[PDB]
Structures are given as structure tokens and as C-alpha cells.
């Protein structure tokens, strides 16, 4: 339960977004919410979604842009002045990258995949950590089994998610000095539901999970266990 907690939600595009399921569970559990939208064409839907949860706090943020990350800090500084939770649900590679195999990955497509899907977590964490000072905050990100095993056609995203899980470990080391935690949910195809992810996110971002950091929790109906 997240009473008194202020959470930033990234990655809401619509009502089927994994981040929507997280926001839904967070709202139920008493969290106040703020949202990013990735592009201008998503602003209307994200604003409506935020309003449906009683939030008017919506800000444009292209995570490939340093200036947008700094602007996000400023927006949160001005409207809240502190922060408890970051939900990082941002993953992208150009669609061409999923055709063929990893062997067919373009250099630019690789750069884009890593920057959006992995570096964005570092940039958000660095920039927003000051807002969390003295709060014992929590960050959660999303991964997939393709990080650990070959899922054909997942391609560069399997590489990105392996990098992401390592990033979670290093960031856990960094931010523990300031009292904060960061974990990943390795989600099955959304099969699980977005609500399965959301309820797991609530726990991991709650004080009940105070001893859990740098962990990857599989929310996948046990898919990960199978050897055949």
C-alpha cells in the first residue's frame, strides 16, 4: 500500500499499456500520480487517463533528450517538490530490427534501442534522485525473458533487456547510499495481465519490499522455469 506516496509513471500510451496497469494498481493503493507522454500525439489520451485517476500532472518527455529529462525534474520540483517512486516502462527499437535475427541489426537501430530502452533509466534515476532525498524511494523497470534466453524475433530488445537488468544491479548499488531501491519485473506476454504487473509493482515499490533491491522478479505464470 502506497498511501502518502508520490509516483511518476512513464510509458502510458493507452489503456493497454503495461504502465496503465501499474498506474491502476498504484491508484487503488493510494498513490498520487504524475505522467509523462512520449510524443505530442499521445498528450490527449495520457491527460484523459491521468484525469481518470484524479491527476492533472502530465508532462511531455522524450527520454532521448537531455533537456526533456531536466524539464521533468523542474515540473516535479514545482508541483510536488519531492518524489517517492519512478515507474520506468520505456522500450523501443525501430520495427525493422525485429525482422531477421540479431545478425541483421543496424548500427543506428542498435544505438536507438539501447539509448531509449536502457540509458533512459540511468538519466531518469540520476536526474530525479535529489527529489527522493530522505524518502526511501523505489524504482521499478520492465524486462522480458528474452534478456536471458533466445526468443526468436525479439532480437535487439533481448540484448537491450540483458543490458537493462545489469543496469538495475549497478543502479541498486549507486542508490542504496541514499536509501532507495530499484528492481525489474520480467513480464510474460501481456499470457499474464497488466494487473499482474501492477500488483507486483505496488509490492516492489512499497515498504514491504524494503529488503529487495537489484532483483528481477518473473511475472510470467512460471514460463521461466521450463526446460522443454
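Numbering follows the first chain given and starts at 1.
Query raised in the report: Would you class the number of unmodelled deposited residues between residue 163 and residue 164 as none, 1 to 3, 4 to 9, or 10 or more?
Result: Unresolved stretch here: none.
Higher-scoring stretch by recorded Cα B factor average, 54-62 or 196-204: Mean C-alpha B-factor is greater for 54-62.
Query raised in the report: Got a sec? Mean C-alpha B-factor, which is higher, 41-49 or 63-71?
Result: Mean CA B-factor is higher for 41-49.
Check: Among 126, 99, 111, 88, which carries the highest Cα B-factor?
Finding: The C-alpha B-factor peaks, among 126, 99, 111, 88, at 99.
Exercise. Relative to the other modelled residues in the chain, which third contains the C-alpha temperature factor of residue 119: lowest, middle or highest?
Worked result: For residue 119, whose C-alpha B-factor we compare with every modelled residue in the chain, the answer is the lowest third.
- Modelled-residue ranking by C-alpha temperature factor, third containing residue 13: Highest third, going by the recorded CA B-factors of the chain.
Item checked: Record-listed C-alpha B factor of residue 158: chain third -> According to the entry, residue 158 has a C-alpha B-factor in the chain's lowest third.
- Task: Please rank the C-alpha B-factors of the chain's modelled residues and tell me whether residue 140 sits in the lowest, middle or highest third.
- Result: It belongs to the lowest third of the chain when residues are ordered by C-alpha B-factor.
Modelled-residue ranking by C-alpha temperature factor, third containing residue 190 = Highest third of the chain for residue 190's C-alpha B-factor.
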